[PDB]
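Here is the structure we will look at.
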Amino acid sequence: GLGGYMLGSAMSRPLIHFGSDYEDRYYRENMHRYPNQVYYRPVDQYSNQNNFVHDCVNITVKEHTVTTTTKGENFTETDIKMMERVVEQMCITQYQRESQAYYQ
């Protein structure tokens with residue numbers, strides 16, 4: 001039943017900066033192997049910003065690792081650090097979209 005979560009529609013993957021020009025293509029040339037949809041709750045439930053984001057990160061990162069590892073892909077430790085910020089950024093965006101229309 002995937003607990004009882006909400007998964008969003010496909011997201012714009014932000015070009016988050018790092019520093020090494022390597023990582024900028026290690027991102028771009030590789031976008032498709034990192035997520036574009038994160039797994040969360042409506043702003044109703046886990047009614048925080050970053051404390052919802054950490055669960056969204058944890059669930060998405062963990063669902064995606066297992067699945068993609070079970071398809072014969074490996075992740076480097078910087079792939080973890082570059083996935084986490086991308087996942088947090090996109091998930092933050094998906095909450096903020098809702099709360100900004102809740103309020104308006």
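Identifiers for the structure tokens are assigned positionally: chains receive A, B, ... in sequence, residues are indexed from 1 per chain, and ligands are indexed from 1 in the order shown.
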Give me, as a tab-separated table, each residue of stretch 31-99 of chain A that comes within 8 Å of stretch 11-25 of chain A, together with its shortest interatomic pair and the distance in Å at one decimal, counting only C-alpha atoms, with rows ordered by chain and rising residue number.
residue	atom	partner	partner_atom	distance
A:31	CA	A:13	CA	7.6
A:36	CA	A:11	CA	5.2
A:37	CA	A:11	CA	6.1
A:85	CA	A:16	CA	8.0
A:86	CA	A:14	CA	6.9
A:89	CA	A:14	CA	7.8
A:90	CA	A:11	CA	6.9
Secondary structure check, strand (DSSP E or B) residues of chain A, as an MDAnalysis selection string: chainID A and resid 6:7 39:40
Distance criterion (only C-alpha atoms): nearest to residue A:44 out of A:99, A:60, A:74, A:94: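 Using only C-alpha atoms, the shortest distance to residue A:44 belongs to A:99.
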Exercise: residue A:3 partners within 12 Å, only C-alpha atoms, chain neighbours under 2 positions left out, as a ChimeraX atom specification: /A:1,5-7,39-41,59
Got a sec: who's within 10 Å of residue A:79, counting only C-alpha atoms, leaving out chain neighbours fewer than 2 positions off, as a ChimeraX atom specification? /A:23,26-27,34,74-77,81-84
Chain A: which residues are alpha helix (DSSP H) by DSSP, as number ranges by chain? A: 21-28, 50-69, 77-103
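Of note, atom CA of residue A:73 and atom CA of residue A:9 are spaced 23.5 Å apart.
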Nearby residues (only C-alpha atoms) at most 12 Å from residue A:102, same-chain spacing under 4 positions excluded, as a ChimeraX atom specification: /A:42-44,95-98
